[PDB]
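Reviewing the structure listed below.
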Amino acid sequence: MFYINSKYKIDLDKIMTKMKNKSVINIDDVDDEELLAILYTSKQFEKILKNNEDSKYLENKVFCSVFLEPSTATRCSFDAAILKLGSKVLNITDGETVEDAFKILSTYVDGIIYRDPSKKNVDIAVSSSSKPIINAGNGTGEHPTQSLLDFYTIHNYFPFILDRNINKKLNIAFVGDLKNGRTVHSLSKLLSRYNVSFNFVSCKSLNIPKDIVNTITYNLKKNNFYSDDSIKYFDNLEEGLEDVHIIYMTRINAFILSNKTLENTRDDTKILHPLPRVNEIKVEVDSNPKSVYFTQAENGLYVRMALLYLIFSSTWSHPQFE
Amino acid sequence: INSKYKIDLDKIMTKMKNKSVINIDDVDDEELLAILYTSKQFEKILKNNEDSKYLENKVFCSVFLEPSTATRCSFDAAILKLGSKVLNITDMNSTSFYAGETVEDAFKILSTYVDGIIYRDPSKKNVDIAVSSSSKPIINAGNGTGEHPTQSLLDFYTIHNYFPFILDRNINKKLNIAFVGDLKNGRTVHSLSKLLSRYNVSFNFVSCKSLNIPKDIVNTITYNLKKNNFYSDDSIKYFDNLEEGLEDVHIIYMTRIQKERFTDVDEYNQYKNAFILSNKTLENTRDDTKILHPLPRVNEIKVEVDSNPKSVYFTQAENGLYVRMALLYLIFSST
Amino acid sequence: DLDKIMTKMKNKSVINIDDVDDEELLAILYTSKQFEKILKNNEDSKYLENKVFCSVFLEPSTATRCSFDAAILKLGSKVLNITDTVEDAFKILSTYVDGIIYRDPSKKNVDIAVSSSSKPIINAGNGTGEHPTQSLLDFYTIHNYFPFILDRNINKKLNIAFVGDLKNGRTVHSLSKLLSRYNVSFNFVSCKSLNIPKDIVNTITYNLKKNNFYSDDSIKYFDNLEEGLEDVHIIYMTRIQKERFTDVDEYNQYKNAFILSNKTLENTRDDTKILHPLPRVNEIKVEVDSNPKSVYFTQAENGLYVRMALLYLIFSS
């Protein structure tokens with residue numbers, strides 16, 4: 001019965017007026033209050049589904065899911081969140097200019113989920129749609145709903161990320177393709193709002209982009225959590241995994257995670273991966289209790305249900321007992 | 001009542017139950033008024049955020065054997081907003097989906113699982129085959145270069161919103177329309193022409209030589225104008241260009257020039273830049289003229305014309321939701 | 001007793017016809033008929049509301065995929081659809097949904113899915129030739145016209161002819177297995193090197209022995225329909241599968257042999273019923289659709305009733 005709303009002021013009626021028909025393109029489109037609301041509402045959706053209670057808290061809405069690259073987990077997670085909420089979805093998986101398409105699609109539906117391998121088209125579609133857009137994609141750019149469900153996963157094991165206490169600091173290692181990884185970019189930016197330290201593990205051409213480091217550095221400094229130990233760079237997993245609460249692995253033989261290479265990590269460390277994987281994580285880590293990547297994917301349902309509930313409701317009633 | 005015209009909705013719904021809508025001539029005058037009446041009611045409902053769920057727990061199969069945004073997404077949305085359910089086919093080859101099995105077999109089977117089928121196929125002929133073996137009603141969402149009757153109905157709803165007198169068949173109140181672009185392959189032009197020719201309407205047909213309206217559509221138009229005493233030698237005029245063609249028309253109907261039907265890009269290129277609509281080329285048009293385009297569009301209409309209060313093509317697209325909800329409700333309700 | 005059988009069936013995967021025992025078959029056929037009754041009289045059919053399924057189809061099987069989707073929707077549930085490592089794929093996919101309908105031409109991928117899925121899978125066709133819901137609707141179609149296959153009455157024997165490509169005909173193998181559970185005798189009609197496999201005859205002989213229904217008349221082999229079709233309650237025809245012959249010449253001197261006509265039906269029983277799992281390549285001439293012995297489209301119809309029946313039994317509560 002004690003959720004984060006017994007811990008922080010979460011006026012869920014005010015915040016939902018502010019989120020009514022909000023578009024979510026980038027993780028900076030979600031503020032402190034909006035993040036609190038999503039995390040609280042994600043927890044309610046988790047409790048409702050896990051007790052097999054009625055989840056149809058958004059009946060009679062119609063979304064269009066546009067996915068112009070293969071997805072699976074993310075596409076099927078959104079489709080599933082929509083159906084569980086009692087709403088319907090029509091689907092595209094591939095002349096017409098982007099703006100015409102979103103002008104027409106937005107006359108037929110209440111909201112659009114959009115994935116495009118192009119980084120720019122989502123801005124175009126946001127300016128021609130008469131309806132709110134959720135970024136599911138936008139190649140190499142951002143993945144805001146990934147960030148939120150990663151955060152929710154992290155908050156579940158490490159409640160103190162929310163406390164903003166100078167003395168309770170979360171250390172996270174990102175590993176793999178940091179350059180192209182829109183999951184790293186989104187989550188970096190989000191974490192850097194909190195008392196967090198970052199180890200970036202990769203090989204030279206895949207290093208974290210300069211301007212992500214500038215955003216992390218900016219945001220850390222804004223809350224007085226910036227020091228010369230905030231952002232360390234690493235060649236290998238030996239150095240890179242030491243004293244991290246979180247290991248976050250990414251797609252792309254130089255950074256393969258094994259039960260051997262987890263021996264010298266913290267006891268309380270938790271392994272994330274947005275998925276899919278190839279060789280980055282060996283089977284045998286699935287059976288290590290520090291593997292939580294499958295709970296993470298699961299959380300994607302509660303968090304995308306929450307977001308959809310917060311953006312498009314009170315137009316049933318509420319998983320806001322508020 | 002449309003203001004002056006009673007529809008007995010009871011009678012006409014009985015007459016529409018399980019009707020297939022393949023060609024615009026499958027729909028008569030009384031049925032058209034029923035469709036226009038019901039369309040305005042679903043419009044009023046969706047615009048006042050009222051309950052639209054008046055055809056619940058029906059199951060449609062939408063079968064699209066060629067690309068579509070507007071048409072396939074309006075139908076899906078009409079189905080969902082009405083409270084029914086839809087399974088989708090989007091194999092972008094007619095020959096994938098059949099793969100060896102005859103059309104009559106494929107529809108005899110598919111028809112046993114669902115209450116109605118929405119059918120689009122680049123082939124003209126297959127829809128007739130589907131219709132003769134389907135055990136459930138079929139709505140044609142487009143049969144190649146043939147026809148596109150739900151485009152007709154939503155066009156005419158649009159035109160009637162702005163020029164209510166097409167319905168009067170008054171000798172003194174004539175609608176003039178310009179059709180511009182691919183008239184030979186415009187399944188959209190073929191359906192709306194035929195339909196419009198039942199009323200007091202004159203036709204400007206603007207195109208290049210090898211895209212001119214088919215001969216046999218000029219026969220249907222002629223016969224239908226004569227039938228009602230609205231035919232003269234000025235009814236149907238053919239035009240090189242937009243100067244001559246757009247003179248004194250209430251409706252400018254632009255079509256997409258089909259790239260996807262042209263063995264030579266320079267054959268396509270010379271013709272896709274032939275009929276481009278700008279605000280300049282709208283300066284010498286009637287104040288009350290309205291622009292329609294079934295969309296999508298490429299070069300045909302310059303972005304500047306969106307901001308013109310003569311442009312209604314976005315309203316036309318929207319109207320298709322209300323008309324497809326209307327057609328589905330009238331054909332598929334029960335008891 | 002419905003509720004004993006259900007509890008045993010709740011959260012059951014169905015991959016192989018052998019996964020369904022006699023009492024499960026009884027429940028499936030009793031429920032399929034319940035749904036047929038309901039849909040035929042336009043009564044409310046929404047007896048499995050608010051459940052979410054994923055359909056993964058990794059080959060063209062458009063009827064089957066469409067039947068399952070229609071079953072899910074008519075029941076009052078919702079479905080999301082996938083169209084073209086596997087154990088990762090299914091761990092994830094199965095947290096999002098209540099159930100999966102999987103079809104894969106791979107032998108190897110369906111066993112893997114079942115072991116990584118936290119949710120029941122229903123096989124909709126695979127690489128091992130198993131297609132249990134085809135077998136169950138085939139069996140329901142027979143039971144419509146010959147209620148007695150269930151009775152295991154020594155006095156009431158069903159007789160079935162299987163015809164065409166019995167070698168590659170995976171639906172035949174599956175349905176044989178299921179039919180040999182009962183008092184049934186088998187005419188296998190083909191040319192030699194497209195004969196019913198050795199080791200299917202063997203599972204049939206085993207089952208008929210198990211239930212005291214085997215004799216020297218249990219299994220006959222035939223050259224031609226004249227003889228093949230003599231005193232049989234059921235004619236099950238099959239696609240001669242071009243598909244499975246490298247070189248189209250070997251296929252052509254094998255595709256023309258067994259064509260069902262009204263002429264070749266004159267000298268069958270009055271009650272005989274003609275099934276085909278379809279598509280068909282007019283090895284059944286169109287004239288036979290109008291013969292009241294053709295039931296292949298009612299067979300396709302029954303798939304709705306059987307796939308609804310199954311989903312209901314595996315996923316209620």
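Letters for chains follow the order of the structure tokens (A, B, ...), residue numbers begin at 1 for each chain, and ligand numbers begin at 1 in the order shown.
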
Fill in: Who sits within 9 Å of residue A:291, only C-alpha atoms, same chain under 6 positions skipped, as a PyMOL selection string
chain A and resi 269-272+285

Item to complete: Run DSSP on the backbone of this structure and report the residues of stretch 111-232 of chain C it assigns to strand (DSSP E or B), as a VMD selection string.
Response: chain C and resid 121 to 123 158 to 163 184 to 189 219 to 222

For residue A:276, please output as a short mmCIF file (atom, residue, chain, number, x, y, z; two decimals) with N, CA, C and O atoms, in the first residue's frame all residues within 9 Å (counting only C-alpha atoms; exclusion window: fewer than 4 positions along the same chain).
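Output file part-v2.cif follows:
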```
data_model
loop_
_atom_site.label_atom_id
_atom_site.label_comp_id
_atom_site.auth_asym_id
_atom_site.auth_seq_id
_atom_site.Cartn_x
_atom_site.Cartn_y
_atom_site.Cartn_z
N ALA A 73 9.81 -6.43 -29.90
CA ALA A 73 9.55 -6.23 -28.45
C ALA A 73 8.76 -4.93 -28.26
O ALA A 73 7.66 -4.98 -27.66
N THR A 250 24.36 -3.32 -24.68
CA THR A 250 23.74 -2.89 -25.96
C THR A 250 24.28 -3.76 -27.09
O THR A 250 25.36 -4.34 -26.89
N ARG A 251 23.58 -3.70 -28.22
CA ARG A 251 23.61 -4.60 -29.41
C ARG A 251 25.03 -4.57 -30.00
O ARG A 251 25.90 -5.23 -29.43
N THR C 85 18.03 -14.89 -31.14
CA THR C 85 17.67 -16.33 -30.99
C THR C 85 16.16 -16.44 -30.75
O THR C 85 15.57 -15.46 -30.18
N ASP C 88 14.90 -16.23 -26.99
CA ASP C 88 14.79 -14.84 -26.48
C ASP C 88 13.42 -14.31 -26.92
O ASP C 88 12.65 -13.90 -26.03
N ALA C 89 13.15 -14.39 -28.23
CA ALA C 89 11.91 -13.90 -28.86
C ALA C 89 10.72 -14.25 -27.98
O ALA C 89 9.88 -13.37 -27.80
#
```

Considering only C-alpha atoms, tabulate each residue of chain C that lies at most 10 Å from chain A along with its nearest interatomic pair and the corresponding distance in Å to one decimal; arrange the rows by chain and ascending residue number and present them as CSV.
```
residue,atom,partner,partner_atom,distance
C:50,CA,A:84,CA,7.5
C:51,CA,A:84,CA,8.0
C:52,CA,A:83,CA,7.3
C:53,CA,A:80,CA,9.0
C:54,CA,A:76,CA,8.5
C:77,CA,A:83,CA,9.4
C:78,CA,A:83,CA,6.9
C:79,CA,A:83,CA,8.4
C:80,CA,A:79,CA,6.8
C:81,CA,A:76,CA,8.6
C:82,CA,A:72,CA,8.2
C:85,CA,A:278,CA,7.5
C:88,CA,A:276,CA,7.6
C:89,CA,A:276,CA,8.0
C:90,CA,A:73,CA,9.9
C:91,CA,A:294,CA,7.4
C:92,CA,A:297,CA,6.4
C:93,CA,A:73,CA,6.8
C:94,CA,A:298,CA,9.1
C:95,CA,A:298,CA,5.7
C:96,CA,A:80,CA,6.1
C:97,CA,A:80,CA,7.1
C:317,CA,A:52,CA,9.7
```

Those same residues, written as a PDB file, in the first residue's frame with N, CA and C atoms?
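The result, stored in out-v5.pdb:
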```
ATOM      1  N   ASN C  50     -11.507 -10.259 -22.997  1.00  0.00           N
ATOM      2  CA  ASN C  50     -10.439  -9.473 -22.331  1.00  0.00           C
ATOM      3  C   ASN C  50      -9.206 -10.345 -22.099  1.00  0.00           C
ATOM      4  N   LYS C  51      -8.745 -11.017 -23.137  1.00  0.00           N
ATOM      5  CA  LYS C  51      -7.529 -11.878 -23.166  1.00  0.00           C
ATOM      6  C   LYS C  51      -6.706 -11.361 -24.347  1.00  0.00           C
ATOM      7  N   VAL C  52      -5.386 -11.404 -24.287  1.00  0.00           N
ATOM      8  CA  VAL C  52      -4.568 -10.920 -25.431  1.00  0.00           C
ATOM      9  C   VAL C  52      -3.694 -12.077 -25.917  1.00  0.00           C
ATOM     10  N   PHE C  53      -3.729 -12.357 -27.222  1.00  0.00           N
ATOM     11  CA  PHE C  53      -2.955 -13.417 -27.916  1.00  0.00           C
ATOM     12  C   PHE C  53      -1.992 -12.764 -28.892  1.00  0.00           C
ATOM     13  N   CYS C  54      -0.846 -13.383 -29.143  1.00  0.00           N
ATOM     14  CA  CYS C  54       0.024 -13.067 -30.305  1.00  0.00           C
ATOM     15  C   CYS C  54      -0.070 -14.199 -31.336  1.00  0.00           C
ATOM     16  N   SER C  77     -11.940 -11.764 -27.322  1.00  0.00           N
ATOM     17  CA  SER C  77     -10.511 -11.438 -27.060  1.00  0.00           C
ATOM     18  C   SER C  77      -9.954 -10.617 -28.226  1.00  0.00           C
ATOM     19  N   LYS C  78      -8.686 -10.218 -28.093  1.00  0.00           N
ATOM     20  CA  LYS C  78      -7.926  -9.353 -29.022  1.00  0.00           C
ATOM     21  C   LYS C  78      -6.654 -10.115 -29.380  1.00  0.00           C
ATOM     22  N   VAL C  79      -6.016  -9.760 -30.471  1.00  0.00           N
ATOM     23  CA  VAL C  79      -4.867 -10.500 -31.041  1.00  0.00           C
ATOM     24  C   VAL C  79      -3.949  -9.466 -31.687  1.00  0.00           C
ATOM     25  N   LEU C  80      -2.637  -9.544 -31.457  1.00  0.00           N
ATOM     26  CA  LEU C  80      -1.616  -8.856 -32.286  1.00  0.00           C
ATOM     27  C   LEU C  80      -0.848  -9.911 -33.099  1.00  0.00           C
ATOM     28  N   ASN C  81      -0.330  -9.546 -34.273  1.00  0.00           N
ATOM     29  CA  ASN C  81       0.040 -10.461 -35.393  1.00  0.00           C
ATOM     30  C   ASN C  81       1.471 -10.200 -35.840  1.00  0.00           C
ATOM     31  N   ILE C  82       2.289 -11.235 -36.028  1.00  0.00           N
ATOM     32  CA  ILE C  82       3.657 -11.118 -36.620  1.00  0.00           C
ATOM     33  C   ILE C  82       3.730 -11.988 -37.883  1.00  0.00           C
ATOM     34  N   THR C  85      18.031 -14.894 -31.139  1.00  0.00           N
ATOM     35  CA  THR C  85      17.675 -16.333 -30.994  1.00  0.00           C
ATOM     36  C   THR C  85      16.160 -16.439 -30.746  1.00  0.00           C
ATOM     37  N   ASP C  88      14.899 -16.230 -26.991  1.00  0.00           N
ATOM     38  CA  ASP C  88      14.786 -14.839 -26.480  1.00  0.00           C
ATOM     39  C   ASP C  88      13.425 -14.315 -26.917  1.00  0.00           C
ATOM     40  N   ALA C  89      13.154 -14.389 -28.228  1.00  0.00           N
ATOM     41  CA  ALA C  89      11.912 -13.898 -28.863  1.00  0.00           C
ATOM     42  C   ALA C  89      10.721 -14.251 -27.979  1.00  0.00           C
ATOM     43  N   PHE C  90      10.649 -15.471 -27.443  1.00  0.00           N
ATOM     44  CA  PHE C  90       9.394 -16.012 -26.866  1.00  0.00           C
ATOM     45  C   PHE C  90       9.274 -15.733 -25.362  1.00  0.00           C
ATOM     46  N   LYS C  91      10.402 -15.736 -24.644  1.00  0.00           N
ATOM     47  CA  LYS C  91      10.527 -15.215 -23.244  1.00  0.00           C
ATOM     48  C   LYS C  91       9.886 -13.811 -23.180  1.00  0.00           C
ATOM     49  N   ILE C  92      10.341 -12.876 -24.017  1.00  0.00           N
ATOM     50  CA  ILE C  92       9.797 -11.489 -24.096  1.00  0.00           C
ATOM     51  C   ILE C  92       8.302 -11.556 -24.471  1.00  0.00           C
ATOM     52  N   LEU C  93       8.021 -11.994 -25.688  1.00  0.00           N
ATOM     53  CA  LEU C  93       6.676 -11.978 -26.309  1.00  0.00           C
ATOM     54  C   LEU C  93       5.611 -12.478 -25.331  1.00  0.00           C
ATOM     55  N   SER C  94       5.984 -13.384 -24.414  1.00  0.00           N
ATOM     56  CA  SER C  94       5.034 -14.154 -23.566  1.00  0.00           C
ATOM     57  C   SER C  94       4.756 -13.434 -22.229  1.00  0.00           C
ATOM     58  N   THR C  95       5.481 -12.356 -21.918  1.00  0.00           N
ATOM     59  CA  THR C  95       5.163 -11.466 -20.760  1.00  0.00           C
ATOM     60  C   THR C  95       4.031 -10.495 -21.138  1.00  0.00           C
ATOM     61  N   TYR C  96       3.872 -10.216 -22.439  1.00  0.00           N
ATOM     62  CA  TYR C  96       2.979  -9.189 -23.034  1.00  0.00           C
ATOM     63  C   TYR C  96       1.564  -9.733 -23.224  1.00  0.00           C
ATOM     64  N   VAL C  97       1.437 -11.061 -23.378  1.00  0.00           N
ATOM     65  CA  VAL C  97       0.213 -11.743 -23.900  1.00  0.00           C
ATOM     66  C   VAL C  97      -0.145 -12.942 -23.035  1.00  0.00           C
ATOM     67  N   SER C 317     -10.880 -18.568 -17.179  1.00  0.00           N
ATOM     68  CA  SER C 317     -10.414 -18.225 -15.796  1.00  0.00           C
ATOM     69  C   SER C 317      -9.010 -17.609 -15.840  1.00  0.00           C
TER      70      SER C 317
END
```

Practice prompt. Hey, list the chain C side of the contact with chain B: 7 Å cut-off, only C-alpha atoms, answer as a list in words.
Written response: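 For chain C, the answer reads residues 63, 67, 69, 70, 73, 279, 280, 281, 297, 300, 301 and 304 of chain C.
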
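Reported to one decimal place, the separation of atom CA of residue C:305 from atom CA of residue C:37 is 9.4 Å.
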
Within 7 Å of chain B, which residues of chain A are there when counting only C-alpha atoms? Please give them as a tab-separated table (two decimals) with C-alpha atoms, in the first residue's frame.
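Result file part10.tsv:
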```tsv
chain	number	residue	atom	x	y	z
A	88	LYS	CA	-7.93	-0.59	-30.45
A	90	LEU	CA	-4.53	-0.09	-36.57
A	95	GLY	CA	5.27	9.76	-53.24
A	96	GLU	CA	3.34	10.69	-50.06
A	104	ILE	CA	-4.66	12.36	-42.89
A	107	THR	CA	-8.13	12.77	-38.72
A	108	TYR	CA	-8.94	8.99	-38.07
```

Discussion item. Neighbouring residues of residue B:300 were defined as those with any atom within 8 Å, considering only C-alpha atoms; residues of the same chain fewer than 2 positions away were excluded. Please report them as a list in words.
Written reply: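 Those residues are residues 254, 255, 256, 257, 272, 273, 275, 276, 277, 297, 298 and 302 of chain B.
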
Worksheet item: Counting only C-alpha atoms, which of C:113, C:2, C:200, C:161 gets nearest to residue C:221?
Response: C:161

Item to complete: Can you pull out every residue within 12 Å of residue B:121, counting only C-alpha atoms, but drop anything in the same chain fewer than 4 positions away, and send it as number ranges by chain?
Response: B: 62-68, 89-95, 97-98, 103, 125-130, 139-148, 187

Write to file, as a CSV table (one decimal), in the first residue's frame, the residues of the selection just made, with C-alpha atoms.
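Just written: again.csv:
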```
chain,number,residue,atom,x,y,z
B,62,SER,CA,-10.0,-6.0,-44.9
B,63,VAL,CA,-8.0,-7.5,-47.9
B,64,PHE,CA,-5.6,-4.9,-49.5
B,65,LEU,CA,-3.5,-6.4,-52.3
B,66,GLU,CA,-1.8,-3.0,-53.1
B,67,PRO,CA,-0.6,0.0,-51.1
B,68,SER,CA,-3.2,2.3,-49.3
B,89,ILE,CA,-4.4,-8.7,-45.1
B,90,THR,CA,-1.4,-6.6,-46.5
B,91,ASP,CA,0.5,-9.0,-48.8
B,92,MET,CA,1.6,-6.5,-51.5
B,93,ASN,CA,1.2,-9.2,-54.2
B,94,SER,CA,-2.2,-10.5,-55.3
B,95,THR,CA,-0.2,-13.7,-56.4
B,97,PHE,CA,-2.1,-14.2,-51.1
B,98,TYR,CA,-3.7,-16.5,-53.7
B,103,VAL,CA,-10.0,-16.5,-56.1
B,125,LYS,CA,-11.8,-8.8,-62.7
B,126,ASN,CA,-11.0,-10.5,-59.3
B,127,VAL,CA,-13.7,-8.5,-57.4
B,128,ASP,CA,-16.5,-10.0,-59.6
B,129,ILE,CA,-15.1,-13.5,-59.0
B,130,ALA,CA,-15.0,-12.8,-55.2
B,139,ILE,CA,-17.2,-3.6,-50.4
B,140,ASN,CA,-14.8,-2.8,-53.2
B,141,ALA,CA,-12.0,-0.4,-52.0
B,142,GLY,CA,-10.6,-0.3,-55.5
B,143,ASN,CA,-10.5,-2.7,-58.5
B,144,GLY,CA,-7.5,-1.4,-60.5
B,145,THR,CA,-8.3,1.2,-63.2
B,146,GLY,CA,-12.1,0.3,-62.7
B,147,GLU,CA,-14.0,2.0,-59.9
B,148,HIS,CA,-13.8,3.1,-56.2
B,187,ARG,CA,-10.7,4.7,-60.7
```

Discussion item. What's around residue B:178 at 9 Å? Count only C-alpha atoms, leave out sequence neighbours fewer than 2 positions away in its own chain, and write the answer as a PyMOL selection string.
Written reply: chain B and resi 176+180+202-206+245-247+249-254

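For residue A:204, the residues within 12 Å (counting only C-alpha atoms, excluding itself and residues fewer than 2 positions away along the chain) are residues 176, 177, 178, 179, 200, 201, 202, 206, 207, 208, 209, 233, 234, 235, 236 and 254 of chain A.
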
Could you save the residues just selected, with N, CA and C atoms, as a compact mmCIF listing (two decimals), in the first residue's frame?
```
# COMPACT_ATOMS: atom_id res chain seq x y z
N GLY A 176 29.09 -1.37 -24.99
CA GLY A 176 28.78 -1.71 -26.40
C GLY A 176 28.83 -0.50 -27.35
N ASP A 177 27.79 -0.31 -28.18
CA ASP A 177 27.67 0.79 -29.19
C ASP A 177 26.94 1.99 -28.56
N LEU A 178 27.75 2.91 -27.99
CA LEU A 178 27.32 4.13 -27.23
C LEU A 178 27.05 5.28 -28.22
N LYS A 179 27.78 5.25 -29.35
CA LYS A 179 27.64 6.20 -30.49
C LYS A 179 26.23 6.09 -31.04
N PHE A 200 31.48 4.60 -19.15
CA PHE A 200 31.24 4.33 -20.59
C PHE A 200 32.29 3.35 -21.08
N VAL A 201 31.85 2.13 -21.42
CA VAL A 201 32.73 1.03 -21.90
C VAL A 201 32.44 0.78 -23.38
N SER A 202 33.48 0.84 -24.22
CA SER A 202 33.41 0.60 -25.69
C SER A 202 34.81 0.71 -26.28
N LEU A 206 33.14 3.86 -31.28
CA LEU A 206 31.79 3.65 -30.69
C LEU A 206 31.62 4.36 -29.33
N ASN A 207 32.70 4.88 -28.73
CA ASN A 207 32.73 5.90 -27.63
C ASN A 207 31.41 6.67 -27.55
N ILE A 208 31.05 7.12 -26.36
CA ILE A 208 29.84 7.98 -26.15
C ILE A 208 30.07 9.31 -26.88
N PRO A 209 29.13 9.81 -27.70
CA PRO A 209 29.24 11.15 -28.28
C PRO A 209 29.55 12.32 -27.32
N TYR A 233 35.90 6.72 -18.55
CA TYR A 233 35.92 5.96 -19.83
C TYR A 233 36.80 4.71 -19.65
N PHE A 234 36.44 3.59 -20.29
CA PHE A 234 37.10 2.27 -20.05
C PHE A 234 37.21 1.40 -21.32
N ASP A 235 38.35 0.68 -21.41
CA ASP A 235 38.82 -0.18 -22.53
C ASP A 235 38.17 -1.57 -22.43
N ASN A 236 37.91 -2.06 -21.20
CA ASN A 236 37.53 -3.47 -20.89
C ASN A 236 36.41 -3.58 -19.83
N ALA A 254 34.63 -8.19 -27.97
CA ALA A 254 35.43 -7.33 -27.05
C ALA A 254 34.70 -7.10 -25.71
```

Worksheet entry | Test item, helix (DSSP H, G or I) assignment across stretch 29-143 of chain B, answer as a PyMOL selection string | chain B and resi 29-47+70-82+94-98+103-113+126-133
